[PDB]
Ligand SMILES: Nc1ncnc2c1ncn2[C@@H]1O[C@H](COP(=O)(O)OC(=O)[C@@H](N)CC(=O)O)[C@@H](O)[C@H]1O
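For reference, the chain that follows is the form deposited without aspartyl-adenosine-5'-monophosphate, supplied as structure tokens.
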């Protein structure tokens, strides 16, 4: 006798043809018509916000099967949607003792998408793991999308705060990035990329509220070292590392205040915890009336506003908490007055704390390393109790050709970097807005003016005094959350060894 096993297989694979006559099965979306009319379908986010009309009668809810635990005549399903999860209970004493229904439910693979008809109620002791403290008691359950393939790893493992406690399964970065579409379902990763969207929104709205316009400038360039080359119709072209030339040309056109949110591309063969070959740059360029520090304080206000808005309200607080659950770090700290140090002051601080050793002969040409900048971050965290500060007045020889120098001390420039947790997030400067000084500085840097003619020519019919800055988006998010690797805040990271997915 083997027809018993084939009948069981029929049960596991059961396709429901009428959801009015049946209580379980795989269903086509077209067949989901209850009493020839539309179903009022809820998602778990609506349920969470309403509860933490849904309690009067049976409701319909869709979600992904996060977990199923079979326990004889009971089965417990965790449904998941975004950051929200809810326990649903199948108890076949309440389902006409249909053993086939239980068998079919127990066989459902994790991550399958189901529509459940059931009644909500609040248990005595609610499940700690679900942030919805109600449970659905299942009357019907239909699967509209069945998981077709064994998962590359378990979400229970991918969600775990990483530990050495015996029996811990780590999912390593390579496996996660290789199966990114599964990795992104962890609660922390979903929350990270909502926070990324939030930073974009806050940035744009702050600038728009201050009378900026958004611009979009080309990434295919006729001229750029550390740039990807392309064949552009038998011309040789390059990918933009920055929209720097075009945003200045817009200021020279009278646009006054511009920003861009757009990809940039870097071809350095660098494999580190923080370098990406492709990332999103937030770029600002704007005029000033008489002092470029007018703009510096503006950019400072911008970041303080970003910090304030990320740390405020229910939604952002929950997103940050959810990240922290898997990746704990102390909350980001900033002051009402942002500390500003000159480069010379920062050097002298590092020498005073015994982190740096230079002759006075060498202090002019010294180019601060990235580790040294982290040491400054530690010093300033200890003395000023902040994770955010500003360095100004870098030596001119260490900054790009378009940086305006001080006319009293030409060796010193009107430049600035902002730091979060000891790492640079923003770089910018007052720009040379005199076409003749600009030509002089381009020759001073041994650059080819013929490859910059269009840019140079935008200064030849007057130029407003202006300044600007460029910001790494993924890096700001990484440093705000204290995450250990830039690949955690870029959706599909690009690095010299990763072109896929």
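Shifts are known only where both forms have a C-alpha. Numbering follows the first chain given and starts at 1. Rigid core here is just the name for the largest C-alpha set that superposes within 1.5 Å across the two forms.
A.B. asks: Indicate whether the chain is continuous between residue 301 and residue 302 or, if not, how many deposited residues are absent from the coordinates: none, 1 to 3, 4 to 9, or 10 or more.
C.D. replies: Nothing is missing.
A.B. asks: Is there a break between residue 52 and residue 53, and how many deposited residues does it span: none, 1 to 3, 4 to 9, or 10 or more?
C.D. replies: Gap between residue 52 and residue 53: 10 or more unmodelled residues.
A.B. asks: When the C-alpha temperature factors are averaged for each of 115-123 and 187-195, which stretch ends up with the higher value in the entry?
C.D. replies: In the deposited entry, the stretch with the higher C-alpha B-factor mean is 115-123.
A.B. asks: Between 11-19 and 487-495, name whichever shows the higher mean Cα B factor according to the PDB entry.
C.D. replies: So the stretch with the higher mean C-alpha B-factor is 11-19.
A.B. asks: Of 422, 263, 243, 354, which one's C-alpha B factor is largest in the deposited record?
C.D. replies: If I rank 422, 263, 243, 354 by C-alpha B-factor, first place goes to 354.
A.B. asks: Would you mind checking which of 278, 285, 166, 214 has the top Cα temperature factor in the PDB entry?
C.D. replies: The C-alpha B-factor peaks, among 278, 285, 166, 214, at 166.
A.B. asks: Going by the entry, which third of its chain does the Cα temperature factor of residue 392 land in?
C.D. replies: For residue 392, whose C-alpha B-factor we compare with every modelled residue in the chain, the answer is the middle third.
A.B. asks: What third of its chain's C-alpha B-factors does residue 222 belong to: lowest, middle or highest?
C.D. replies: Residue 222: CA B-factor falls in the highest third of its chain.
A.B. asks: Mind checking which third residue 179 falls in for C-alpha B-factor across the chain?
C.D. replies: Answer is lowest: the recorded C-alpha B-factor places it there.
A.B. asks: Once the chain's modelled residues are ordered by C-alpha B factor and cut into thirds, is residue 369 in the lowest, middle or highest one?
C.D. replies: Highest third, going by the recorded CA B-factors of the chain.
A.B. asks: Place residue 350 in the lowest, middle or highest third of its chain's C-alpha B-factors, as listed in the PDB entry.
C.D. replies: It falls in the top third of the chain.
Same protein, other form: the form solved in complex with aspartyl-adenosine-5'-monophosphate, not shown, and the subject of what follows.
A.B. asks: Using a 2.4 Å cut-off to backbone and C-beta atoms, with three or more ligand atoms needed to call it blocked: open or blocked for aspartyl-adenosine-5'-monophosphate placed in the deposited bound form and overlaid on this form?
C.D. replies: Here the answer is open - the superposed ligand has no atom within 2.4 Å of any backbone or C-beta atom.
A.B. asks: Whether residue 475 contacts aspartyl-adenosine-5'-monophosphate in the deposited bound form should be assessed with a 4.5 Å heavy atom distance threshold; does it?
C.D. replies: Residue-level check for residue 475: yes, a contact with aspartyl-adenosine-5'-monophosphate.
A.B. asks: Considering only heavy atoms, tell me if residue 116 and aspartyl-adenosine-5'-monophosphate come within 4.5 Å of each other in the deposited bound form.
C.D. replies: Residue 116: no, not in contact with aspartyl-adenosine-5'-monophosphate in the deposited bound form.
A.B. asks: Residue 279: heavy atom within 4.5 Å of aspartyl-adenosine-5'-monophosphate in the deposited bound form?
C.D. replies: So residue 279 counts as contacting aspartyl-adenosine-5'-monophosphate.
A.B. asks: Consider residue 424 of the chain shown here, and say whether it contacts aspartyl-adenosine-5'-monophosphate in the deposited bound form, taking contact as heavy atoms within 4.5 Å.
C.D. replies: Taking the distances in the deposited bound form, the answer for residue 424 is yes, it comes within 4.5 Å of aspartyl-adenosine-5'-monophosphate.
A.B. asks: Out of 216, 204, 353, 275, which one falls within 4.5 Å of aspartyl-adenosine-5'-monophosphate in the deposited bound form, going by heavy atoms?
C.D. replies: Comparing distances to aspartyl-adenosine-5'-monophosphate in the deposited bound form, the residue within 4.5 Å is 275.
A.B. asks: Which of 438, 469, 65, 44 has a heavy atom within 4.5 Å of aspartyl-adenosine-5'-monophosphate in the deposited bound form?
C.D. replies: When aspartyl-adenosine-5'-monophosphate is considered in the deposited bound form, the option within 4.5 Å is 469.
A.B. asks: From the candidate stretches 108-116, 266-274, 140-148, 125-133, select the single one in contact with aspartyl-adenosine-5'-monophosphate in the deposited bound form, where contact means a heavy atom within 4.5 Å.
C.D. replies: The contacting stretch is 266-274.
A.B. asks: Thinking of 342, 390 and 465 as the candidate spot, does aspartyl-adenosine-5'-monophosphate come within 4.5 Å of a heavy atom on all of them in the deposited bound form?
C.D. replies: No, none of 342, 390 and 465 comes within 4.5 Å of aspartyl-adenosine-5'-monophosphate in the deposited bound form.
A.B. asks: Only counting heavy atoms and a 4.5 Å limit, does any residue of 238-254 reach aspartyl-adenosine-5'-monophosphate in the deposited bound form, and if so which ones?
C.D. replies: The stretch touches the partner through 242, 244, 247.
A.B. asks: Tell me, which consecutive runs of three or more residues change place between this form and the one not shown by 2 Å or more at the CA, with the core overlaid?
C.D. replies: Moving region between this form and the one not shown: 164-168, nothing else.
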